[PDB]
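Read the structure below first, then the notes.
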Amino acid sequence: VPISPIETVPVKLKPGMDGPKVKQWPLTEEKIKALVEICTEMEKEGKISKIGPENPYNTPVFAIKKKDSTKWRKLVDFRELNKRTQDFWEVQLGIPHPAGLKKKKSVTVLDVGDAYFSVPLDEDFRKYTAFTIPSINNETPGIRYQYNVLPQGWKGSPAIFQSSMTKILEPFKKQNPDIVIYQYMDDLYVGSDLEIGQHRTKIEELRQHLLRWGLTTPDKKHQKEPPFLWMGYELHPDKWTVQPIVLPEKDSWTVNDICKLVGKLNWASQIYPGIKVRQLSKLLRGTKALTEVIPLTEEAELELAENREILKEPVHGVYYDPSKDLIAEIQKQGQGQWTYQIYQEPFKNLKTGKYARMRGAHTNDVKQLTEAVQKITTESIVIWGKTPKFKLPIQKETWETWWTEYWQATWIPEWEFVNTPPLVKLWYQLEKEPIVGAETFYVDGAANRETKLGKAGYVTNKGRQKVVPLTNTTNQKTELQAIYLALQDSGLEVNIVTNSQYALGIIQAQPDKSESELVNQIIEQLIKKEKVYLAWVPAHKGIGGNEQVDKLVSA
Amino acid sequence: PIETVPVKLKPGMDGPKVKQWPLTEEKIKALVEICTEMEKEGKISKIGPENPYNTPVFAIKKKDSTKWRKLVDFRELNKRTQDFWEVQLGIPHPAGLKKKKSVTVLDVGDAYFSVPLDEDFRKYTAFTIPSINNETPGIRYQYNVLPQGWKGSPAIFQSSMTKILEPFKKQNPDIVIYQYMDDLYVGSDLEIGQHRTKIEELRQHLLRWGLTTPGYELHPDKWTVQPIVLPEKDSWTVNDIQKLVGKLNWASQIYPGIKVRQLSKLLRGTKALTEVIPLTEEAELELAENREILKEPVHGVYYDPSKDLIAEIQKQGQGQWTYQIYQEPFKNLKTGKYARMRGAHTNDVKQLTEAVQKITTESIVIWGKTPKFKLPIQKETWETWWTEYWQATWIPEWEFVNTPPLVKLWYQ
RNA sequence: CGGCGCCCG
RNA sequence: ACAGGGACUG
DNA sequence: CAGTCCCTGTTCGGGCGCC
Ligand SMILES: Cc1ccnc2c1NC(=O)c1cccnc1N2C1CC1
Ligand SMILES: [Mn+2]
């Protein structure tokens, strides 16, 4: 007889599959003689057993190394068993962000020892565990055994651990409503607004409750260690910060340097306000090798500079005070880049961040703002579970005009205007109705698919005509091109009539920036003009002076 | 201790592994208090990591209600139980339900908590109550009883339902009663006073047979269809003739007897848009004959039960929305318009959420089926707030669309 | 070896 | 990598 | 009809930021 610590969680196998039988795979020759002994230890503790006949099971060994150890950590490879083992609902959905934590007066960390080997494996599944690994080099053929607990590198070790531990904690917690716990791996962090000593009262009383379940809590445990260092974070009960960031000063610039660079800037951007990656990010476009050589442009360096000066002075985040409102304010940073700060009390920030993503082939500041506002709302719901007060560089009339004209359903939640320049504006509007006393340019364009060759032009009510030959082009590009001409050759006020569904779709969505130089130019001409009217008439319907410019360019 | 109707994921497909989306703290409180109380009632119970299945859940308050109703998005499960409900047991859809002067919708879903569920199936109803900021892990449950909003729940309860109702149908034969998922549709030509009385009465029926029921009226006899109509003009600019002609070209995709010939000829030279061109008589008559073909129905558009319905919504501006229901292009089963819905003039997503609900509703009263939406919205916008404005116990299917406005010409 | 988050086909 | 829409091929 | 492309916008295989 062995003994029985804590409730076991049933595990099946993907129906119609069975335990593995495998040949060994290389692992370093020196440390493994040690486990021959360590194995006998486990025999006595209940973490191992053996039987001769019943196991058609064998597993190899493949491992991962960790820095900062005063002792070596053993491993075994169940990968064949793994692939053959039922799936679980993973318990780690990702991790809480510091800015979502409430400030807690007292916060301690107990690190659970022998955590994975402290959890009973499912009785009947125990069978599938049998394994073998080289003695020192090797001499005689060998022997084998079975596992009584959660094995290293097994899938359920993490799932079942997390759940069992949680299951254990539930009754302490129900008995202690005003404590606050969080579990990451084998470490537990506990915190309260109670007084420092009675807090330590419950800290021992809990090391008690864990012991009552066979869970070890050493005294290497620290009330005196905080800040706790966790995943790039430094956490004190009063204030949090990113762990110190080292920005490369290298004279030599390879694309992998710029990569690590960018990732680092964004990670800084969660806390240090106003980080810009745009120009550094332009270098990265369409490169074959991660080891290639790239020079830095002047803009990207003036930016890298401003950023280095951002990192110069230190910074810290506050924590969330659920009693008080959440405020998120976005300032337009230009080049389709955006920044935001979320604070409650002014100038004490919970966090910052960037939204730079240029979304779409042609876009504008209203669309893009709407996007930043959505990103932030989503993030806010993840962390604080609520939506912020918006402080937005946009007049309530700017915005109203946009969302109310636009064909898509679009919305920003409750928000208030902040008059911080540059302010977001609509750079042109298309008229909703034809313009009296403007020339009417009937415009068309066509190209030939085979030759990729073509022409763009127009006819007007005034007799004015034009046709321009174009090389290496498409039907679409010519229809944009003809509308363009009609913009160029027209007065301040002009009516433009086009037959292209494509072109009309772009312009009518009022882009202020585009990937396409021709659209940028169209946009530019558009801003200059006092009034524009875009009209659509079906092709080859024998329309208007539309049949005429269609003839003119199809020739 | 009563039987349990075994249930099966139609052959080949696994249980829903679909992920739980992040919730507001508000809604997480309401869900926690509802599941702990419902666990206490043994409707649901806690589960472990051995059940690797999930259905997403959130919560809503029904229209005009300050009490929180839990809502599970069982769409994925319903897709994976489907052959079971559709192929095994069919439910005839009353064609008269739509003709009734009033139709009330009562939420009977609570009754579903009576019947047990096949112990072998329960592992597929697994749903996570999320935690804010991932401070705790999820509280995972699974449904012990017949889970609200799964298509099997209204299916399996069919016998019992037809039973409890048989007294009323027998006493009131002229009253039409239809059932779609967690909702029950009841309608009659009675004057509203006595209708509401017959409704309170039916409420009693299900009340004494052991059910609780936390206005709902619809007026299907009043539902109007929006036909396409060409403008009435005193005097015509060129531009008018052009937009007219373009529209005519579309309608001619729908009604084939349309001709643009004489209006096109009206456009003959290269003319200023705003110049005023008089209507020739031959054209005046082609146009009036067109205004005619547009008062007709469309030959050969009829509902085919086997086909999925598809519903398209266009945003027309200024609180207006147009919609069209069809199973196949250009053969439209219904066209319509909504205005001054909640959110009008301030929040588009709200209005749209409303439109999707009203449309699904007419769709259920008429064909007994929820439509597939094409939503004139960005995917992400929609996911964020659609979860915020939802008052219905069901969830239609949707996909996201971009059609800068030339079909916006479904209304002047 | 993975999870989580961005950038390129 | 996948889909929707346009337009041209007899 | 299918069968061609031209243009545009969300899922998966490369690599950096955090374990
Ligand atoms: C790393 C971590 C993750 C999640 N929560 C906590 C912690 N540890 C803390 O440093 C912490 C700090 C301040 C307040 N709560 C904290 N806690 C909460 C549990 C009391
Ligand atoms: Mn053309």
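Which chain is which? The protein sequence lines are A and B, in order. Going letter by letter, the first sequence gives residues 0 to 554 in the authors' numbering. Going letter by letter, the second sequence gives residues 4 to 217, 231 to 428 in the authors' numbering. C-beta atoms are modelled at their ideal positions from N, C-alpha and C, and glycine is treated no differently.
Check, Outcome
"Chain B beta carbons: is any one of them nearer than 7 Å to that of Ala158 of chain A?", "yes"
"Please classify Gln242 of chain A as buried or exposed, where buried requires at least 16 neighbouring CB atoms within 10 angstroms.", "exposed"
"Between the Cα of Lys353 of chain B and those of B:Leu368, B:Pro345, B:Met164 and B:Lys347, spot the shortest distance and give me the residue it belongs to.", "B:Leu368"
"What do you get for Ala445 of chain A, buried or exposed, if any count of 16 or more other CB atoms within 10 angstroms of its CB means buried?", "buried"
"Given 6 Å as the limit, tell me if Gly190 of chain A has its C-beta closer than that to any heavy atom belonging to ligand 1.", "yes"
"Sort B:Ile31, B:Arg125, B:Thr27 and B:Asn81 by Cα distance to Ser48 of chain B and report the nearest one.", "B:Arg125"
"Check whether the region 86-102 of chain A touches the region 126-141 of chain B, counting contact only when three or more Cβ pairs, one atom from each stretch, lie closer than 8 Å.", "yes"
"When every heavy atom of ligand 2 is checked, does at least one fall within less than 6 Å of the C-beta of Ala446 of chain A?", "no"
"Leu368 of chain B CB to nearest chain A CB: under 7 Å?", "yes"
"Among B:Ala304, B:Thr58, B:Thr351 and B:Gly45, which one has its Cα closest to the Cα of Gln340 of chain B?", "B:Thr351"
"Please name the residue in B:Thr296, B:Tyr183 and B:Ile270 whose C-alpha comes closest to that of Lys347 of chain B.", "B:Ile270"
"Which chain B residues sit within Cβ distance under 8 Å of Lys540 of chain A?", "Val261, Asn265, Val276 and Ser280"
"To which residues of the same chain is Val60 of chain B closer than 6 Å at the C-beta, ignoring the five residues directly before and after it?", "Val75 and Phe130"
"What alpha helix (DSSP H) runs, 4 residues minimum, are completely inside the region 483-537 of chain A?", "500-507 and 516-527"
"Identify the contact partners of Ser48 of chain A in chain B, using a Cβ-Cβ distance below 7 Å as the criterion.", "The contacting residues do not exist; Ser48 of chain A stays about 23 Å from chain B at best."
"Have a look at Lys390 of chain A and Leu422 of chain B and give me their C-alpha separation to the nearest angstrom.", "35 Å"
"Under 8 Å, with one C-beta from each stretch per pair, do the region 175-189 of chain B and the region 145-165 of chain B reach the 3-pair mark?", "yes"
"If you count every other CB in all the chains shown that lies within 10 Å of the CB of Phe346 of chain A, and 16 or more means buried, which is it?", "exposed"
"Listing by chain order, which chain A residues have their CB less than 8 Å from the CB of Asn306 of chain B?", "Chain A residues near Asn306 of chain B: none, gap ~15 Å exceeds 8 Å."
"If you drop the 5 nearest sequence neighbours on each side, which residues of the same chain put their C-beta closer than 7 Å to that of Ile167 of chain B?", "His208, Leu209 and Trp212"
"What in chain A is Cβ-close to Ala288 of chain B, meaning under 7 Å?", "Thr439 and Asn460"
"Does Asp86 of chain A get closer than 7 Å to chain B when you measure Cβ to Cβ?", "yes"
"Would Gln258 of chain B count as contacting chain A if we go by Cβ distances under 7 Å?", "yes"
"Using DSSP bridges, identify the partner residues of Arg72 of chain B.", "B:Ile63"
"With 7 Å as the threshold, decide whether the Cβ of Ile380 of chain A is near any Cβ in chain B.", "yes"
"Which residues share a DSSP beta bridge with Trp401 of chain A?", "In DSSP, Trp401 of chain A forms no bridge with anything."
"What residues in the region 94-115 of chain A have a beta carbon less than 8 Å from any beta carbon of chain B?", "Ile94, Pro95, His96, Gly99 and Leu100"
"Just to make sure I have the definition right: I need the residues of chain B whose C-beta is within less than 7 Å of the C-beta of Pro433 of chain A. Which are they?", "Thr253, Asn255, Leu289 and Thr290"
"I want to check one thing, is the minimum distance from the CB of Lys103 of chain A to the heavy atoms of ligand 1 below 6 Å?", "yes"
"Grab the span of the alpha helix (DSSP H) containing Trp239 of chain A for me, first residue to last.", "Looking at the DSSP string, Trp239 of chain A is not in any alpha helix (DSSP H); the run it does join, the beta strand (DSSP E), is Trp239 to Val241."
"Throw me the rounded Cβ distance for the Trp383 of chain B and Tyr318 of chain B pair, which I believe falls under 8 Å.", "Incorrect: roughly 11 Å between the Cβ atoms, too far for contact."
"Could you tell me how far apart the beta carbons of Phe130 of chain A and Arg143 of chain A are, in whole angstroms, since I believe they sit closer than 8 Å?", "7 Å"
"Classify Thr107 of chain B as helix, strand or coil using the three-state DSSP reduction.", "strand"
"Measuring alpha carbon to alpha carbon, tell me which of A:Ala481, A:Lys454, A:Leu479 and A:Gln464 ends up nearest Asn471 of chain A.", "A:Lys454"
"Going by CA-CA distance only, name the one from B:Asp110, B:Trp71, B:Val241 and B:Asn255 that's closest to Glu29 of chain B.", "B:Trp71"
"So, at 7 Å on beta carbons, what are the nonlocal neighbours of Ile202 of chain B in its own chain, with the 5 sequence-adjacent residues on each side left out?", "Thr107 and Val189"
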